[PDB]
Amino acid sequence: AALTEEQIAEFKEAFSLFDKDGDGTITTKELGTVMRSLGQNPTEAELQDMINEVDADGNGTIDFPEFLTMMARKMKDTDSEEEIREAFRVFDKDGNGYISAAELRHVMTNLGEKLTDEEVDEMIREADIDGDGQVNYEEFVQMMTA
């Protein structure tokens, strides 16, 4: 809950991601816009509640002082290994901890934003550690988060 000066200048650049018009305040309308471009759908009440958690003065919008201030209350990070492993489990049909290279290529080239077959090649080169056409994704995720 008290961090460095370099980050102050950094969080200012972050602020423009949020202040969609550049008027120096973040409104619920702009926060809805940003949140929807991240694939979320907060309600109007959820947007008002996020602003009100930050809003120091009570004028209904967030300025950079209030923005920077709540950043410091939330500076700690934690590793993501277990969340990434569960994303892999979604594609583990048998629940046996494996996903074949063929199944992984099919997923990466058909679901979400996709990868090129060339990009997928490099990924499987790394993911199939034992060269047996099967990806032990817990091992693969530990290698990527180490």
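All residue numbers refer to positions in the sequence shown, first residue = 1.
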Stretch with the higher entry mean CA B-factor, where the candidates are 108 to 116 and 36 to 44: 108 to 116
Mean C-alpha temperature factor, higher of 56 to 64 and 91 to 99: 56 to 64
Candidate residues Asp132, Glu138, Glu126, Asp19, the one whose C-alpha B factor the record puts highest: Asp19
Record-listed C-alpha B factor of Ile84: chain third: lowest
